[PDB]
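One chain is shown next in structure tokens, namely the form deposited in one PDB entry.
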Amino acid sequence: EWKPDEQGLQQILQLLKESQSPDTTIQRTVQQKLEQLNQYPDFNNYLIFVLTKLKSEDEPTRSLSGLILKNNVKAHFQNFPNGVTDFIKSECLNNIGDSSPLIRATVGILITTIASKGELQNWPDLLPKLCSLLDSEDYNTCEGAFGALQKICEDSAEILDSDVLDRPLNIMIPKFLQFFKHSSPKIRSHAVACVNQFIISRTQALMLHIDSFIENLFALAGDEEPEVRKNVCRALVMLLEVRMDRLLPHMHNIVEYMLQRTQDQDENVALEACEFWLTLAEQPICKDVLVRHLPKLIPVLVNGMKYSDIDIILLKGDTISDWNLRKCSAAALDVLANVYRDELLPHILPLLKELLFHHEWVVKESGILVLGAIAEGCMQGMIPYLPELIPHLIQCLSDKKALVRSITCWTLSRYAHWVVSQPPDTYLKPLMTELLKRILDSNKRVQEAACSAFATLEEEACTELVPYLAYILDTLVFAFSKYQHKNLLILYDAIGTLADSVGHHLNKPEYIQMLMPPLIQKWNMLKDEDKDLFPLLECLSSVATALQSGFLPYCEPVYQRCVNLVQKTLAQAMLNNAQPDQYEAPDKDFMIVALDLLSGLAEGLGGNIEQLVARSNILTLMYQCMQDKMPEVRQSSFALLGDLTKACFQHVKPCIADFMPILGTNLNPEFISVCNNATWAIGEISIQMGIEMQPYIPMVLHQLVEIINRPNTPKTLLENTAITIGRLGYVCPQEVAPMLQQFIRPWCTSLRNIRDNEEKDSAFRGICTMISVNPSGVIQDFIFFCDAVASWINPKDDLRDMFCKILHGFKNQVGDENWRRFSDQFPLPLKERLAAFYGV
């Protein structure tokens, strides 16, 4: 045995009487002393002892001892002596079925907690033991065992589905299935619960007994007990995902069952049922099985979307479940509408019609939500009703009730495509006017709704906002003074999305006047390692890009923090690479946006960036990122390099030696964006190095020729590849020119399709130079070059004379009669263009 010091046990029983004192400040100082005793080891032996052995005590006092012990298992189990432990473990299991339900709960919570903290392979007597106890003839022992087993399957499902314990599932699962039949409804619900853990993992023991499982489920269809029903519903939802086949046969039966449950009095059951419709809808067989029932279903869902009376109360002054019947029904409706398209409206529209206009607001509100939910897939079918509705909704933006104001903002944003595709004055103007008001609404929910809807609307509207710009910024900037936290974040989105939507139009001193100060104000106060510098980078990145050169005043502090972060990150990635156990791996998304913002300033400020580049190790850092193993990073640096190259090649040329070989290796089209931006940045440095490029040409060229001839490459890599070749041959024709016959054809084919611009120009100068040097590359495929030259509408004159000399050079080589015959295989527009423009 173990005996406790009776003189010291009367002591503990006092503490336990004081922990139950009403007086707040007694409780305060008594608990700090019970914390104190943890320091010493035997103490926990006194607790399990008060619980399980001292029947001369108050039950609340006993249960409290076990709960205190329990909490000492959560903190401080590494500090448990293995004798205290083993006394506890054994002492729990002898009383797992105590006659007192309060004690039995307490004992049970200990067991599951010890099993959870001090893992299962360290208590391997337990499962075996708990199984054998299910069979117990004593009911309370059975229930106890099963309650524990249940929490264990919940906590430890992956470990049980593992050799760690020698596949103990193979015995228990079939064992559990037996207990679906049991007298008690509690034992029935435990059994189903345990089993449901192992459905989605496709646990072997269960997949092989699937038919027992299903027959057994089906046999509980008609159970009065919510907790049983809840668990049946969970079971059927999961099955649906993994083992569609086995229950397809019985679908209609199942479906009628779920439809009942979806309406169940008890909202737990309801919600669990509702999940069905949602996960059913993602199943390619769905569309047929269900159609018969849409009639009955739609209104069950729609009726589920009203706020309850209690929902409403918690929303006056998030304060409510992030998942509930309302969201679930509503989400189901969105998926349905994307499957059934307009086939859905006959089942909905009439409901809408009387909900939207209904006089009680809760109902009108759910009307609006529905209308929002169906928007995406019922769009076409809704067009005819919108001229009535969109104006109706613009009205409700000023409704007395905020929950009507906010959902209205949302629903309007779902029809933003249509609104923007009309006369701006009928629908868009008054919409945008009311939104802008609501952005400054007194209520936080309405702000978030309104600001988000605005940002959404802005994306669809694009350049149509330029009239209202003045009015928009007034509102957005003023909102900085109101908004905090979650709504502030939506606001940066709103401003970012604005800049992206109008671009340069936003460059005007009066606009930059009001906008920039409060942003750079916010830029500083929020701290590196803050939740919110991520949305603010992306805000400034958008703005900076739209503002162009007008950004300049403001970019020192933005540059510095960007460089800082790129470094700070690589600092950590290093450590983590060498000592991964002690060092937190970094979050690269921080770096990727910084590089993208820096790349944004390089295009934007152009040359004026230069001096900040000089003062910083931006180039070393870039060097490091180009070898980074995540492709998004390599891609964001090559992008940056090409920009820096144009903006200020003088600070770059130093590092070229080192870069070109890295660029060389990254010309691999498996990762397209990197290959693209690498191809691009060698193009751009060609032009700045000119002739001095020639040492480096051997290390890239065969791979570029590789890529352009290599099929199923996206349009705009080839375009960049062609371009870049041209730009090499422009500055080192001697080395590039001999390769001409291999790339001339896909090169022409690819660039005959792009707009007369500066890249086209610089690349075609290239081809012309190489043709002068190896005039026999083109003679095989000369019609391809004719075609590409005829793609120019209005070329620079020098370039026009270059083509002119080539075209006639050839017509003279082959003679008039050969030429005429050659050009008869030209399409009219081309033949005539060349004959008129280059005189040929």
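Residue positions are given as counts along the sequence shown, with the first one as 1.
In the deposited entry, the stretch joining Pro509 to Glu510 is continuous, with no residue of the deposited sequence left without coordinates. Here 485 to 493 and 554 to 562 are compared by their mean Cα B-factor, and 554 to 562 comes out higher.
Per-stretch averaging of Cα B factors for 659 to 667 and 446 to 454 places 659 to 667 on top. Per the deposited record, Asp125 carries the highest C-alpha B-factor of all listed residues (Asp125, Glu376, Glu275, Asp399). Residue-level inspection of the entry shows that, of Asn709, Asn231, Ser413, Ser329, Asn709 has the top Cα B-factor. Per the PDB record, residue ranking by Cα B-factor puts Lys151 in the lowest third of the chain. In the deposited entry, the Cα temperature factor of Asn170 places it in the lowest third of its chain's modelled residues. Sort the chain's modelled residues by C-alpha temperature factor and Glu227 lands in the middle third, per the entry. Ranked by C-alpha B-factor against the other modelled residues of its chain, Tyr696 falls in the highest third.
Looking at the C-alpha B-factors along this chain, the one for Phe782 belongs to the middle third.
From this point on, the text means the form deposited in another entry, which you will not see here.
Assigning each C-alpha to the better-fitting of the two rigid parts between the shown form and the other one places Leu294 and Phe77 together.
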